[PDB]
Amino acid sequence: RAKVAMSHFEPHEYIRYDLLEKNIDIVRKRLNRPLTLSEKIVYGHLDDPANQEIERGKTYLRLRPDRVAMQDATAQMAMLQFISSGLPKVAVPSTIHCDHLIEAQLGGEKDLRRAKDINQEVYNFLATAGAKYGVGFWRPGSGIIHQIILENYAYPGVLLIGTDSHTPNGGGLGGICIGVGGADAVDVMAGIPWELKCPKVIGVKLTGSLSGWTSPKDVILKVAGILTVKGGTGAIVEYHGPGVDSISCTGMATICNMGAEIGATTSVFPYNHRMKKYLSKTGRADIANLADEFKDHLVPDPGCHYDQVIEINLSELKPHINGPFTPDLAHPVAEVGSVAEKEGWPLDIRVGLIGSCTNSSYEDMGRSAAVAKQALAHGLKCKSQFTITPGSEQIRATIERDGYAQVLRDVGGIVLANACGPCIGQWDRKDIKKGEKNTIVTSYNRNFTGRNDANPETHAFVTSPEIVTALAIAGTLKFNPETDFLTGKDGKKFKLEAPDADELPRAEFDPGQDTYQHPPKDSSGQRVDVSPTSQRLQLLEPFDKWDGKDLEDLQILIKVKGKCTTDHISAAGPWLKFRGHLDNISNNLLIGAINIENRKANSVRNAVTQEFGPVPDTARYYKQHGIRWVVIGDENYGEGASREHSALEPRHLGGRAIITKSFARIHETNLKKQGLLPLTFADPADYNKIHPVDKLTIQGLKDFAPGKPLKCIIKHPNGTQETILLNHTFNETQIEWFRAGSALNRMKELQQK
């Protein structure tokens, strides 16, 4: 057909819209119905289109992804597991992005300089492993992984998996981009079929057009409030409707990005002209031209069935701000000042932060700059502290050039390195003591306890870049930009005009400096050195095979009550320093979960010594003494981030099974990958029948089978037993992972030794 290349760095890897078409076709003959946009792109990528059992929400699809992307906080451990496989080269186009380890303190190029010193050991590891197995490397400073992917690797009809839960951002350019854990990326780097549970499809119909202060963020802040953090589990959100064409291409990225906060498998928009337009401005107009030739397969079939439909009228949606400690608690910016007052949330804003992969684009910076110059014209500057993060070198270089970075600096903002920064708590923040109650408003996406500054009493609210700027100029949550009046230097009252700005540079993009480094695909005769006395990197030892017997007399490490995020299971911020060292990082295991016994964080009773103390230390004592343990959890356990450390770390400290009401998808797949048993209650009221002092026997592991549940004998200390039933979603692929010890120990047996 045509020979159009996947990117500017892989001139020999072509887009295969001919193969997408071939398979879409084979499949709609078996099914005889309209296919939605995500069914087309997902099923066009099946390993066996003719024989694959397709049932939404029931069957497991064996898929073939087109490329793998890694950020440096999860790449370390994906590559250390790749090194253990023994495979010589990655089998699909893969990238490493160094965005997570650059701490905010001084601003801009000072922090970058300091990050390169402090973390050299790590960047060195990734760079060398990169050159050796054929993975491209984007150096520190390059940008946040999702801006670099939308700018360079994302295209209509791509199936891309990334080791980061915000990978759905790519749906803004018509692809299926799905977040996974390091062991899932190893399968595809190694050449085996990837499995995904067939999703349901929620359709959102957009209507009207966005006006004034309303922007792309408000649509996903309202869908999160409506569907809640557990609403999208097991479904792809498919956007459609007449109002789609009024949203920019980076606006659509904003909305697919934050679909992660409702647990969606991903989100996607259909190929339209705003996408075409953006591909051409990012030098990929040949791709724009080929997607027009394949257009029918990049839009939904007429009359397709959604399992749920929601409709939003863009012309009626007004500004929103979500939180304080969940992103689905939605308020409008018009009563947030009253609900905080009533609810005892701090009213004065200490810091305002625009950035992160959800809101770091040229359009976001320009709409921001436009509230900022109105304030400047009347001689005002920020009452709050103001920080600004650019999405990539290219956005940074271009907003510098078009004048926006200096308006943002003249109102009183500091520009930080092109990196996550304060968003995974890599902030050296010093305006508050620890435990001081305060309010910070961000244009980010999550606002979980202690996530931005390790201070559990920080009240964080998420909103849009232009509203964070209005509220930072004012310093108070009691300020509606639409109604109220500021006071200038002049002596007069003025009101803010709604921001206006271009979706993309009038000129072409200024690309900044060279941050990419291609694999030498010649040399590769590098050794990767991991110091044997290193505190940041450590090679892995395999886990044990299953013994062939049931799990009698299991100790309960903790029964968790309430919300339990992977930011609670394995904290980030200062702990990012140990993302290549399993033993050292295992010392944050569960320190933020609330124990039901005493309502406290990191304080559990050691069964033997009967003293109360830290969760990691009690799990090490149980492991030292031979006691096999379990965790008991509530609903939507493992919510949030995709980091596999939350499943590797209970395996290293002796954990055996985790039992909950429900699981979040990516954490449940990561638990089965590492040899653990994720199990749910067949009746959720049984959670109330298990007390912290009971012992549990999981039984019938010997004839473990898909569809057949497991029995759990709850041994109460008085001599009262009780049998309850536990369901699992394992298919037979997955049961071989468990019997072997981990997915990786299974993969190594298959290499004929």
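One rule holds for the numbers: they count along the sequence shown, beginning at 1.
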Inset, instruction - Give the stretch, out of 220-228 and 471-479, with the larger mean C-alpha temperature factor in the deposited entry. - result: 471-479
Legend entry - Which of 695-703 and 724-732 has higher mean CA B factor, as the PDB entry lists it: 695-703
Inset, instruction - Return the residue from 443, 76, 338, 95 that has the highest Cα B-factor in the entry. - result: 338
Inset, instruction - Check the PDB entry and point out which of 72, 544, 151, 683 has the largest C-alpha temperature factor. - result: 544
Inset, instruction - Comparing against every modelled residue in the chain, figure out the third that the C-alpha B-factor of residue 489 lands in (lowest, middle or highest). - result: highest
Legend entry - Chain thirds of CA B-factor: placement of residue 717: highest
Legend entry - residue 629 - Cα temperature factor, lowest/middle/highest third of chain: middle
Legend entry - Third of chain Cα B-factors occupied by residue 399: middle
Legend entry - residue 240, C-alpha B-factor rank within chain (lowest, middle or highest third): middle
